[PDB]
Structures are given as C-alpha cells and as structure tokens.
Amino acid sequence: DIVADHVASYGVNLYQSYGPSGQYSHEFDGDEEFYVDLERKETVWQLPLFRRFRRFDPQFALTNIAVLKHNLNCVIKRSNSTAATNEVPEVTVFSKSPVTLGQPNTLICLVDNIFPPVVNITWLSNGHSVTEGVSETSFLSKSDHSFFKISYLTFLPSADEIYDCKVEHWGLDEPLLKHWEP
C-alpha cells in the first residue's frame, strides 16, 4: 500500500466497447472534481469553488480517450478476447440529513462494486417513476478497478409517500429494489 497524505487521480480514463461509451474525470481523495462531456466538449466542475477558479481544456479528454480506444483494440486481440466478468453491485439507500416531515431532504442511493460500468438507476415513488429532482454522479474509481455511482433524489418527506431505488445490472439476475421510508 502506498501511504500518502492526498491521493489524486488526475485522469480516470475509461473506455468500454459496449455502445462505444467512455468517461474522463479527475478525482481528489475519492471525490470527483469534474468530468468532461465528451459529446458537448465541456468541462463540468462539481463545485462552485471549482468553476470559479479551476480550468481544464475538455479537448484533453477527447485526445486521451481516442488513445484509450486504440489500446483497447490491441489488448482485445492479445488477451484472446477475454471479456469482462460482471459483478453483483452493492446498493445502499439513505438520507443526507435526518428526516423530518415537511422539511426537504435528499435521498442518496449508493451503488457500489459496479463492473462493468453499465447500470440503470431509477427512483420509484409509490411504484411510479420519479422524473424531477434526480441528479447523478459519474462512475468513480476504486483501487480494485471497479466503480461506484451515487444517485440523488431531492424530495419532500411525507408519511404518505415511500421511495425505492431501482438498480439494473448485468451482474444481477433481477432488478434490485432498495426500499426507504420515513
């Protein structure tokens, strides 16, 4: 183990062959500083403090990911087309703050041990799907080279309504529902 005060990840470069998708993001102490919208060629910082002072050329991602795509093709042939083995995720739902009715909060659905990074995360309110107030984190890196993604749901706590976080992954034989109620 490498003992350091601060472990930076200036370049979490990911490229997968499924529906040609990828990701570029910098991390610091396990927190995502920004990601690059490879479609819009935009650097999306994850804090107002970062947008105010930090800068990153999004072209670097498109340049680096283009090499990720090249290296993937050479190891596919070298590894006898060893495909990725799916993993069973670890879904945990909880609130960011202690819940009192009427006072708004946000529900945090942590989906750990994601591999391959292809997942579908939904919030269900009384069976029906939720559309508003749903943000999502990028795939964050782990030392074992799997990933964990966190979904967010800002809600108004009411004893009438209950919420479920639905997670769909290839490592799961069925969509995993995680229930949470006040």
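Numbers follow the displayed sequence, beginning with 1. Only the largest set of C-alpha atoms that superpose within 1.5 Å between the two forms is called the rigid core.
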item: Higher C-alpha RMS shift from the shown form in 4 other deposited structures of this protein - 114-122 or 128-136, rigid core fit; value: 128-136
item: RMS CA shift, core-fitted in 4 other deposited structures of this protein, bigger for 63-71 or for 153-161; value: 153-161
item: Of 159-167 and 14-22, the one with larger mean CA B-factor; value: 159-167
item: Entry-level comparison of average CA B-factors, 140-148 and 125-133, reporting the higher stretch; value: 125-133
item: Entry-reported Cα temperature factor of residue 109, expressed as the chain third it lands in; value: middle
item: CA B-factor placement of residue 84, once the chain's modelled residues are sorted into thirds; value: highest
item: Residue 95, C-alpha B-factor rank within chain (lowest, middle or highest third); value: middle
item: Chain-relative CA temperature factor third for residue 75; value: middle
